[PDB]
Amino acid sequence: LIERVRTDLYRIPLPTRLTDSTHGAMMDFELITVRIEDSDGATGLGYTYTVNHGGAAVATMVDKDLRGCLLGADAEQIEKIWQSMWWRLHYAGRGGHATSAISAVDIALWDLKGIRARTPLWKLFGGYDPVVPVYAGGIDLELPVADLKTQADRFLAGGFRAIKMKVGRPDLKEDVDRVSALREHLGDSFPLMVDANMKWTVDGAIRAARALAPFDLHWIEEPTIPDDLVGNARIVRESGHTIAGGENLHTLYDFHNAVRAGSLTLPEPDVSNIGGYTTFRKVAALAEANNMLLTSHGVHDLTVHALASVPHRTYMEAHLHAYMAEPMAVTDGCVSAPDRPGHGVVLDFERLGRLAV
Amino acid sequence: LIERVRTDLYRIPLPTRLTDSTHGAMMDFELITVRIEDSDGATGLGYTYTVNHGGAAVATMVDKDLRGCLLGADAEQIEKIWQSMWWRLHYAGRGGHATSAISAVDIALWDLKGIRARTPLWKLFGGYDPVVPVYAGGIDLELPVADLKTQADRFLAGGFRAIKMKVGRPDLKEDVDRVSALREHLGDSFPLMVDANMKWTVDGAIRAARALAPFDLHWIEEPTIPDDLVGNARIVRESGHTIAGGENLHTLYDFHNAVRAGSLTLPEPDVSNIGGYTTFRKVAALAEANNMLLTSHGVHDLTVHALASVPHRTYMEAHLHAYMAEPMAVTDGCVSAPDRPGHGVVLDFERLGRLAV
Amino acid sequence: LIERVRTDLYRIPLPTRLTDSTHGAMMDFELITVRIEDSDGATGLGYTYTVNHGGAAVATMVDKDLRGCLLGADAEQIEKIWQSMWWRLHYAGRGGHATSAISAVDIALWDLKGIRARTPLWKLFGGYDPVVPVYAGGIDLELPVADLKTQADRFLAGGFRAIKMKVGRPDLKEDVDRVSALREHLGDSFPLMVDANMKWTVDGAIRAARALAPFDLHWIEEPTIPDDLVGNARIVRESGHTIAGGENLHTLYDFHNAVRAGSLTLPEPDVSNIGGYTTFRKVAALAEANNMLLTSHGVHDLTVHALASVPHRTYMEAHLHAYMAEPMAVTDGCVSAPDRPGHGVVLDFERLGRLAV
Amino acid sequence: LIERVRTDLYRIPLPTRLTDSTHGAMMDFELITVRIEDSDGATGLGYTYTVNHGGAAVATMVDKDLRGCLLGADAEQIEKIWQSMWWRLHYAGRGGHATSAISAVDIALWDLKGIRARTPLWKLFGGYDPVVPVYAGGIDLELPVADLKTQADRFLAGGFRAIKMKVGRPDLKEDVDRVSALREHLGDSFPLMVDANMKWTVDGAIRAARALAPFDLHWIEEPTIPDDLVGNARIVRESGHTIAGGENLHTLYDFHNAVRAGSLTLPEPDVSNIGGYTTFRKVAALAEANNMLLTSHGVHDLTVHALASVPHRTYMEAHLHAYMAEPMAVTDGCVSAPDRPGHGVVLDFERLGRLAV
Amino acid sequence: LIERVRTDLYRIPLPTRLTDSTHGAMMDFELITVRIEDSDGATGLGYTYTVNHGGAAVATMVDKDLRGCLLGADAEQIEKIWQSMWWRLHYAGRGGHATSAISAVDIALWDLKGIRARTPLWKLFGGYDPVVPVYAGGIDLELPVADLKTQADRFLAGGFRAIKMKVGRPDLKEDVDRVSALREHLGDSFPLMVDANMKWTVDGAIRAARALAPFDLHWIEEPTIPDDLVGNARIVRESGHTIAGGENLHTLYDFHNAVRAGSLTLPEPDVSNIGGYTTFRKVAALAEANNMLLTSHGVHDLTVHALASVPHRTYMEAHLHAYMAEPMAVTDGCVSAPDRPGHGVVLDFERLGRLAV
Ligand SMILES: [Mg+2]
Ligand SMILES: [Mg+2]
Ligand SMILES: [Mg+2]
Ligand SMILES: [Mg+2]
Ligand SMILES: [Mg+2]
């Protein structure tokens with residue numbers, strides 16, 4: 001039984017003005033943490049985030065809407081609780097910010113079950129390989145070419161052996177020069193992927209694909225908006241590239257629609273908005289049945305457990321490490337999921353209070 | 001230019017007995033009102049609502065996330081404001097409660113543009129016919145048959161010449177009897193429609209359609225969950241009934257998916273969650289293009305102007321009046337869009353004040 | 001209420017040299033103007049046109065077939081009037097010249113509603129951005145290469161930063177050279193588009209696309225006849241170009257067919273033949289739903305308000321000004337929708353009087 | 001680490017000569033048990049079965065082929081071990097008896113992880129509801145009508161509130177009489193399903209569907225052979241019944257093909273041949289994404305844990321209970337998954353030695 | 001009538017160096033031989049094999065599960081025996097190793113029918129051309145480039161005029177160089193084919209095809225896993241190569257699925273796992289109907305009769321001879337089906353005796 005539910009909202013400012021083709025200027029993201037305590041004193045940690053806005057909304061959803069489905073409920077019945085939450089925020093929801101709220105709670109619940117069973121999540125899930133390959137995702141669209149190469153250098157220095165840069169400049173010519181620059185800087189066999197962050201039109205995306213073909217990019221992420229199934233399927237049929245998407249899909253059905261329609265070739269769910277580990281693994285299954293690999297977006301410290309428990313995973317995005325007790329370190333291109341009970345992530349809530357809103 | 005944005009949340013208490021198949025019992029809905037004031041001092045009224053939960057979150061999005069797109073902006077550029085609000089709440093959004101927040105703002109912006117043009121919105125939208133036909137939607141699933149008939153007479157007494165009743169009782173035999181009763185009670189020629197509120201499985205919905213076919217129901221609403229395009233299309237090919245849906249669809253794309261796949265035969269958008277008049281009208285256009293009629297869900301006071309401006313509308317659902325000054329009356333099965341500037345809705349903020357949270 | 005409807009036909013003389021691939025040489029277009037007056041004395045201006053023939057017939061439909069739906073009718077119910085005119089000319093109609101007649105009336109009705117609301121139409125439609133980007137469409141197929149470049153400079157001189165040229169010369173080798181010349185002349189970064197005016201066969205259009213791909217054309221317009229849904233869709237899958245079309249589509253259904261089949265990638269409706277603003281806006285909604293941009297054909301003076309009210313517009317074609325009072329100027333590649341009540345177009349009926357037939 | 005792997009084969013004779021439309025005469029099924037012991041003394045139990053033949057083959061596969069992938073391996077990495085097993089028996093396998101062998105081992109591995117974590121599997125998986133609805137499946141095709149009704153009586157007496165009888169007699173007339181008899185014996189609202197065990201041709205199956213329509217059967221199982229995707233999809237489109245299948249599908253891909261093709265409406269995997277709990281949950285996810293319910297075939301004492309951890313489960317088949325320590329009892333139509341660590345199934349291996357082959 | 005059925009298992013030791021992308025290193029294959037004797041004393045020889053594992057299980061199915069369908073049965077009714085063996089091993093079978101067991105029996109039954117008719121099988125099947133063209137399939141992935149060329153010359157030295165090499169090295173750059181080398185080495189006009197053994201992902205396979213296109217490979221075999229119909233069909237539309245597959249398909253239905261979906265362009269059945277000659281011929285018929293050529297995998301000694309009896313055969317794979325009496329020789333790129341009664345294969349059971357397990 002759940003006896004306590006603490007929801008907290010923090011505004012974590014960023015070290016650099018990270019920027020892209022649509023989200024604009026990221027100067028601070030909103031962190032929402034959820035701590036669930038059972039009748040035995042154990043406390044599971046869960047959390048999600050937004051960029052610039054929507055944070056207070058998510059936190060309010062957990063604190064005012066979901067709480068009533070948690071207090072007094074058996075915390076070991078996660079699937080049961082998930083459905084009850086899905087239905088509580090269904091009216092006017094069924095997607096949107098409500099899924100982020102749910103994801104945070106869901107993550108907390110699994111953390112709790114992992115602690116109780118005295119075993120890491122990647123094992124609780126079944127367990128494949130705790131060593132997960134990674135890549136660094138820069139939010140460098142406005143970063144000058146030279147600064148691009150520099151950042152590239154630090155990523156390498158930091159153990160990363162695969163990099164993703166932003167694209168979607170007004171003039172495709174500028175993207176072609178920058179991508180060309182890093183392909184020469186990084187070298188022929190270096191895994192380099194791009195993310196247009198929904199910036200292109202269907203025709204534009206395909207046009208950009210022909211132009212970037214020479215550089216053998218590992219993949220193109222979110223060429224256009226995610227909602228257009230027909231357009232994305234067209235971009236898949238015509239761009240001769242791996243098409244990654246999923247960070248903006250928020251339900252199992254969105255992934256199901258995309259996969260069935262073939263509007264993406266590489267599923268990229270975000271455990272913190274897809275519905276937690278619960279829905280993430282379901283999406284993972286969908287991918288496996290469709291003979292596709294599986295990558296991820298955000299909170300890799302939490303995500304490492306999911307990918308360590310699936311056989312078809314590939315380069316995980318591992319761009320808050322300051323507030324963490326023992327954050328994972330990247331070695332020769334990979335990370336290792338810890339073996340502590342649960343997900344093993346511990347946040348310095350004392351130092352965080354400094355940033356509460 | 002916009003100089004003021006006032007957001008208020010109200011807990012309107014709902015009588016017992018209001019129940020359906022999946023949401024459970026309607027305790028109380030939460031009204032999120034948005035009043036906008038521009039340089040010249042005119043104010044526009046817009047509002048949305050939720051059943052049971054999510055209200056505080058809706059209000060939070062407007063007051064905290066959207067206000068920044070309103071204050072200081074030219075209120076005459078509704079479309080511009082619409083797109084900027086869609087993008088401000090896009091991360092973790094792109095659907096969900098955020099579209100309800102957006103609708104509220106949109107609706108108030110149109111009201112303001114109408115107030116300024118000194119014309120009712122139905123005329124400002126184009127102008128078809130201000131006399132819109134209606135029906136009464138009962139939230140009566142757990143309502144004893146006898147009472148159901150009593151409710152029927154009360155609706156006829158109120159001027160309604162079309163009635164919808166809930167279905168989806170655990171055992172199909174119960175729905176058949178109740179439906180037979182009202183059919184028997186109203187006479188076969190009286191438009192009777194049923195709402196399942198997503199209660200049935202695909203097979204179950206098809207199985208229920210065979211069972212109800214004898215009664216010649218005008219339509220079956222939300223036979224199963226809305227997310228299932230394939231399943232809902234199967235229900236369309238096999239049930240021999242008009243299939244209504246759309247109250248739970250929250251983007252123009254959802255409607256595009258549903259229509260393109262033929263997963264429904266009659267689009268039922270809700271102006272207060274679909275994106276306000278702005279998006280509602282774009283959905284109406286899709287329905288016209290596809291040779292479909294157009295119905296609606298909720299806040300008929302605001303919606304009347306929408307359907308009074310499109311040629312293919314049909315029975316509007318018109319089940320909060322105590323708080324209004326000049327609520328439309330139901331006469332001979334129709335209502336009439338008032339000709340006052342804007343949508344013509346006036347709320348008693350004094351009496352509502354007593355219910356703020 | 002409508003009390004007057006004045007229909008006039010004018011033979012505006014067109015200079016030699018204006019030529020394309022299938023229509024031959026532009027001798028003179030025929031302007032059909034419709035001025036409507038209501039009870040209060042306000043007048044609304046609407047108009048359409050044809051190239052070479054059909055003018056007298058267009059005028060005849062309005063003056064003889066439609067006047068009966070106008071005189072005595074409430075001019076504020078545009079949508080109602082629209083549907084009744086569609087049906088009055090439905091037998092042997094349902095498309096064709098009759099939609100041009102209908103557009104003329106529709107356009108004047110909107111102008112009247114704008115005049116009455118004391119607001120420019122772009123704001124009355126919603127309001128996005130009054131600064132609409134443009135391009136110059138040359139009717140220059142038989143124009144010597146040299147002259148073609150001279151025409152180019154004249155367009156830059158006029159403020160245009162995007163240019164369309166005709167293609168479809170009997171021998172593909174001619175189109176390639178000419179296109180290479182202007183590409184060479186304008187610089188690769190300058191938006192250059194080509195219009196074939198339905199000249200090519202399906203195979204030929206695909207064959208021409210391979211040939212022109214080197215020049216990175218912004219788009220290819222009407223590669224073959226518009227009636228061929230299957231063929232046009234094949235051109236879309238195989239040509240690697242943005243495919244523009246719609247000037248010859250005369251109903252919302254035509255646009256629905258084309259979009260649903262993906263027989264074009266960029267809808268190009270003509271407000272004066274598609275059904276006026278009423279239908280134009282419904283087509284815009286289809287384009288938005290399908291994640292497509294929206295361009296246009298003809299009478300940019302009237303069209304500017306349409307595209308200035310939709311979020312996905314793109315370069316508007318803005319090639320009759322001598323007869324206008326305050327014609328928009330082209331500045332830095334854009335034009336600006338005037339803020340005068342209605343569409344703001346004023347014609348010199350004195351000077352036009354000299355050309356009546 | 002796995003230190004021991006014991007494979008045993010038993011011929012469990014049946015209490016009655018159970019019979020059906022294709023498998024013929026079942027006088028004894030082959031039980032294959034697998035006991036995996038780790039470096040801590042814990043022992044996980046896993047098992048599968050065949051009917052009449054194939055037993056020695058499966059056992060041989062575990063003992064001679066899979067053992068080498070088990071001895072010395074970390075037993076906590078189940079996903080890792082599954083893939084290695086899938087690949088070890090891939091050549092000439094990739095389906096078939098190899099999946100049964102793998103399922104037995106897989107089940108053992110999860111049992112082991114459940115014991116180690118001191119928690120029942122239905123909870124380890126996430127946990128939905130330990131109370132799972134059930135139905136009794138008779139292998140009564142040759143059973144006289146009177147004996148049919150009698151058996152029906154014992155099932156009721158035994159707590160079952162849903163029954164499945166065999167169909168697929170040479171003359172559809174005999175099936176229609178028997179089904180008619182039990183529908184009258186059991187009553188109108190009694191859940192009665194049929195299983196043709198692949199006996200009908202596509203046309204025959206559809207013909208039989210029309211004939212059995214009057215009796216409102218809960219579902220028709222395996223109308224034709226499972227391999228025919230096109231034919232089954234046709235039976236689904238035309239029989240107006242829930243179509244259950246899956247017991248003969250042996251890989252995630254088979255289920256994926258069926259679901260995508262719509263050749264079945266209710267997935268029915270058998271945890272003991274699909275690949276264990278590992279693949280069973282993946283199939284479960286596929287079903288959830290496709291808005292389908294989920295049922296099962298065989299070994300319900302093991303299966304109860306899977307269905308207790310999914311939200312979309314329905315009537316579980318719960319037709320060896322003699323050799324079990326504390327077999328579950330059916331109460332008012334449902335069973336309850338035990339809370340002992342692992343799956344909680346304990347076999348009397350001493351008494352079983354009596355039946356070893 | 002059948003009076004004897006002798007099943008033997010042999011561990012034939014395989015040299016080091018034999019390696020591919022997914023199976024790893026070929027240690028040793030397991031030969032399962034089946035000798036059948038009828039009333040008149042004639043004996044028919046049939047056999048199958050596995051790589052590394054599954055052998056003992058194959059033998060067990062024949063010896064224990066199938067013998068009951070052979071002894072006492074009329075050996076002249078091959079089709080009858082075929083269907084009864086398919087059904088005896090259907091539970092938990094319907095594919096997998098069981099089809100290999102069935103093939104062994106089937107092959108021996110045909111041999112016996114040929115021995116009795118005193119005619120080679122190729123003539124008994126119809127009779128097309130006994131001179132079947134061939135190619136050499138190297139199991140050479142980890143083989144140094146230099147050695148690869150050396151292997152090439154050895155194949156030319158052996159009479160082969162077509163060569164297949166393995167691909168799927170972790171880094172695509174390695175496959176390109178090696179392929180370039182052999183292309184360079186053999187001359188562009190020499191048929192060179194590559195086998196990936198299911199190593200690539202759908203995107204990867206398409207990416208590899210672009211890379212290898214310069215070399216004009218005769219075909220690409222098993223680009224990804226065979227179970228993925230959708231993915232394999234995508235590889236077909238996008239790779240511009242002949243796509244070979246079928247060695248891992250174990251039923252006529254698998255081939256039907258693949259063909260119907262166009263998930264491969266060239267069917268490659270293996271007579272020893274597809275179901276023997278009986279099923280092999282039915283697969284050939286599907287290939288003829290679909291205007292496809294037909295190739296093969298494994299035991300060319302037995303297969304030669306199949307392809308020598310069909311009109312659309314192409315290069316047969318002809319990489320166990322030491323154990324044969326009169327092994328066909330490779331001359332000028334072809335082999336010739338012997339005209340001895342049956343398949344004409346004779347094994348040295350003395351020398352094989354030394355390898356039984
Ligand atoms: Mg991204
Ligand atoms: Mg409803
Ligand atoms: Mg044109
Ligand atoms: Mg069954
Ligand atoms: Mg091969």
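FYI, residue positions are counted from 1 along the chain as it appears here.
Method on record in the header is X-ray crystallography, 2.3 Å.
Cβ coordinates are placed from backbone N, Cα and C, and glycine is handled just like the others.
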Out of D:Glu174, D:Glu184, D:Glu221, D:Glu288, which does Swiss-Prot tie to the same Mg(2+) site as D:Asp195, D:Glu247? D:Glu221
Cβ-Cβ under 8 Å from D:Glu247 (Mg(2+) binding site), same chain, 6 or more residues apart: which ones? D:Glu222, D:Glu268, D:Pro269, D:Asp270, D:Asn273, D:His297, D:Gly298
Mind running the recorded positions D:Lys166, D:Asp195, D:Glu221, D:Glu247 against ligand 4 and keeping the ones whose CB falls under 6 Å of it? D:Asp195, D:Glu221, D:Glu247
Taking the Cα atoms as reference points, how far is D:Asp195 (Mg(2+) binding site) from D:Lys166 (active site, proton acceptor) in Å? 5
Would you mind reading off the Cα separation of D:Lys166 (active site, proton acceptor) from D:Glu221 (Mg(2+) binding site), to the nearest angstrom? 9
Packing count at D:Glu221 (Mg(2+) binding site) (other Cβ atoms within 10 Å of its Cβ): 28
Within 10 A of the CB of D:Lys166 (active site, proton acceptor), the number of other CB atoms across every chain shown is 25
Residue among recorded positions D:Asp195, D:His297 with least C-beta crowding, 10 angstrom cut-off: D:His297
Starting from the Cβ centroid of D:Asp195, D:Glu221, D:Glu247, which together make up the recorded Mg(2+) site, report each further residue of the same chain whose Cβ lies within 8 Å of that point, ordered by sequence. D:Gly137, D:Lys164, D:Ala196, D:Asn197, D:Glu222, D:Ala244, D:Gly245, D:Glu268, D:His297
